[PDB]
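This document starts with two versions of one protein chain, written out as structure tokens and named structure 1 and structure 2.
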Structure 1
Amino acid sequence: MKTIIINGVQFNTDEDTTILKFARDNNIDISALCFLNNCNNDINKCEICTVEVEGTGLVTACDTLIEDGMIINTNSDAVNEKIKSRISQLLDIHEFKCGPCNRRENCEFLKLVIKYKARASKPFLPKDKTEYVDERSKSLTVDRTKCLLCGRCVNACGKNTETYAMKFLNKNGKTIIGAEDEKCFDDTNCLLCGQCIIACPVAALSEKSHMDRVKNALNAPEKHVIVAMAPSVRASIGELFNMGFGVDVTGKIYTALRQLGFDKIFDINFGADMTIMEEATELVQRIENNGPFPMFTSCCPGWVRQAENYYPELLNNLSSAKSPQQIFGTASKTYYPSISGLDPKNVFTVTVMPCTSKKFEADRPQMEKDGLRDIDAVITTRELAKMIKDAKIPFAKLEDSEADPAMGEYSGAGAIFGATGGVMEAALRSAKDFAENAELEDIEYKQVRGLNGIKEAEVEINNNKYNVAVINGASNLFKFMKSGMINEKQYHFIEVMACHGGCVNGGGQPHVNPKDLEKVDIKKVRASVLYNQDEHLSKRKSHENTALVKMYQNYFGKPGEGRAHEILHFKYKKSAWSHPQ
């Protein structure tokens, strides 16, 4: 037991925790900035969490454990003057121009500036931003006129991926954040997962914009612009319209997309059902041939980059099915003209993703056929919200509409893709039916769901027991491989997601402030929307999707062979040998 006094209030406690956590647990306001993910910036503490401890002086609450006898003051003039001073020193290195800024509505730094009425000693007003901006990547952008050097991106990359692809760099005697040797992120071991963006409290890290690609296509007379959103968008975008967390906004999105001028409203969940058709067929092929094993999923481009960069010997074990994004895109240039009369060259296919790595996937040289890209543009959840707001579309008051069905219907198995273990569960629902030539009623695989980092299960398919794993976050892939877990038993099918929680926690998603993250389990609440859709959909197996069945019957043929394999599959170039690299 300890006795603590905070702002005159005595507490008796046996907790072993920091001042900051104890105070917040007890409804005592203490500000913080660089603290996130249970880490602060050890080499450059922001000190926004400063408090006074009698007999010690000023201390950082976010990294100081409570101790018996402490008498703490969080709101004295001296404490508040120190905090204001720290914010002022940050304004000295910050281009404070919120009007056109992409974080204007949800910036953590602006909130602190306002709270403490802080002002720079000397305004930072660079007349030209070229030297501060890196837009080389297909997925990420850096604007160092906004960077606080808070280290939250560095810490978050370490925690989420263990790549440490985001680093502190010494650029002629000045500290910046960036990739190894100040290279373009894409040319390093970076996965392009954008977890560093999600951790950034300001507009310093962003997605590489595709909004101009999209607007130019919408305004081109002869382009027919398809749009299709990822599973997770419908569970997330409402947050950016003050609608709260866990709101299913599917119908409003379809309406908003029509109001933005898109010419066809499809859904990547249809592509999710296509990927299952192919992937479950491939798994059954491997089961009936008793190998090869394991098969890894290939639908998360952060994981694909992780394999290319660290485990290229596993590229030969990846499923060859394209991801829902790319498989949908391929079909949008082949099947869709065949049922519409559109000239394939005039089709422009746009996805809305919770993900920055998806932009790199869509821009891979070989992701095209006959000169036509599978996918022409990828906008994040954040970018779609901005497009809606710029168009003055009253999202929260829109009536619901439906997708155009031909490439827009989806089953409950497709619906769950955006949660960790969703691909696994969806794939098993079809694989078991295929292998057993049956229509099984027991389709829920709750043992692969949820936030555990490594989830294993034994499944019975056609009288044989098989082992599956769901790897939940890139750091957990490293743990599974480096610890030898892959060799502890024979795995047959392994799902890997780069973002912990699955795509509902992707790097293109709405930012959430640290206080809301403590109040709301964002990964669970966003995923709950998707599981709810599956629960109430009539068709809960990808192979029961009626639009999909017609597509295969009339155009692609049998999945997993022939035309479907020729067109809808992809093997990574780095799977084969080359030297040098």
Structure 2
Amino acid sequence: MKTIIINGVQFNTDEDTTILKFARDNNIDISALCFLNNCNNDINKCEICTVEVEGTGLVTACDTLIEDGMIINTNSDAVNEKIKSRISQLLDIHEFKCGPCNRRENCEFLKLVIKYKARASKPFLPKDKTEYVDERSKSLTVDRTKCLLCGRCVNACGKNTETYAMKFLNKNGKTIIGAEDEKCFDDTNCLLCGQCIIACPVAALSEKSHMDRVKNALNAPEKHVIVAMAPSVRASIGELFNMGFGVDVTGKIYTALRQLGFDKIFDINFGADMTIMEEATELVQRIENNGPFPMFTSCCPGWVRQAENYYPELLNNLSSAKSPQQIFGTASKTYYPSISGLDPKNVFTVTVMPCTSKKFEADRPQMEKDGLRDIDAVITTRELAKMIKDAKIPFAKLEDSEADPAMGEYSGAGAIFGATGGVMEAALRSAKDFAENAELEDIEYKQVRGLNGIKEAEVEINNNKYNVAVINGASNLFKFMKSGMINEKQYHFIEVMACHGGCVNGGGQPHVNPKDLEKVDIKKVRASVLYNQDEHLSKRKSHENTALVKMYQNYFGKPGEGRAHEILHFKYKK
């Protein structure tokens, strides 16, 4: 029993832990800023977690271990004035104009300024932002008038991806963050996964806006504007409307989209089922052809960039199926006209994604046919929330509506795509029926679910054994390759997601404050929505999607051949 005193209350504990963590454990208020992902900003520590230890002085609670005999005061005048001082110093480098700011409603810094009634010694009022802003990327943007130089993005990049594509740079004698050599991120090894954005406490890192593309298309009378959301959006956007965590808001989204004026409400889960039709078919062909193995998924553009940038020799092993977004988009410019009378050139296709890398994918030059882009705009979950709020739509009390079914129906296999191992599970449900010419009732592959960084399973397909792996996060791809794990056995099919937890933890998702992250397992809670959908859907195999089956039978023919192979696939040369 360590005996410690905090603010004159006695605690007895066997724990070995920091002052911050014990304080959070025991409902004692200590502020923190740079501490995230189980670090601090090791050079240039923020000191916002300052406390007083009697007999020692002011210490940073986030990395100071409790010890027997400790007497700690978290709220003395000397403590508070130190913290207020540090915040004041940050205000001197911060353009404090919250009105038009994209983090106005959930900013960690604003909360601290209010809490400590901090004041700049000199307001920072840059009158040329162009010098502080980098909007070159198709996916990320930087506004250094907001940057606290807290290093959370640098550490998050390193931990989540191990690319270290986000760096501290010396620019003109001054420290900034940015890409290697202050290049555009896209021109570096960066995956464009946005985990750096998710780690940022302020509006310094953001997604590259596609809001003007959307606005202009909705305002163009001749454009017919389709919208379709990713699996994960329905499991997360409610967080930005005060509804809490793990709330299924699918039906409210469809209603909001109609109120925003979109012409057709479809769903990327339909594209997920399409990807499975193509990719399960391809896997069966590879089985019949004795390879080449392994086949890797190709639906995560962060992973595609990782392969391009670090494992180009694996590109010909990637599934040729387009991702759900791009396969959907392709069909929206071909099949959808065929059942509507729309001129394909007037269809404008918008997706809503939990992802920043999806904007790069959509903008890839060859992701088009007959001069028509597969996908014309990609907005993140955050961008859609802003749109809904700007339109004054009372989201939390909307009535549910349904999608337009022709490219809107989805199976429970497509529904689970947004969680790590979801693609794998979905794919196996169709590949085993396909390979065995059977309709199997046993379809749950729990072995590939959950938050382990690398997962594996042995699957029997048509009386032979196959090995599959699920790589959960870009850093785990590096581990899997570098460790040689990939050689313990012949792998046949491998899912890779760049974001840990899969797309539910993508870089376009709602920010979560670090204290909530401490009490809510965001990856699991968001994923649970998706798995619950699967449990209640009447179709749980992609090839049982009735609108999809109609689409292949009337328009595309059989997967992996004919029209489908010719326009629903994409291969990477580099």
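In this text, rigid core is short for the largest set of C-alphas that superpose within 1.5 Å between two forms. Residue 1 is the first residue of structure 1, and the numbers go on in sequence order from there.
Note: rigid core superposed between the two structures; among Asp42, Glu67, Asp516, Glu535, the CA shift is 2 Å or more only at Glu67. For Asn290, the CA shift between the two structures after superposing the rigid core equals 1.6 Å. Relative to the superposed rigid core, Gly8 shifts its CA by 2.0 Å between the two structures.
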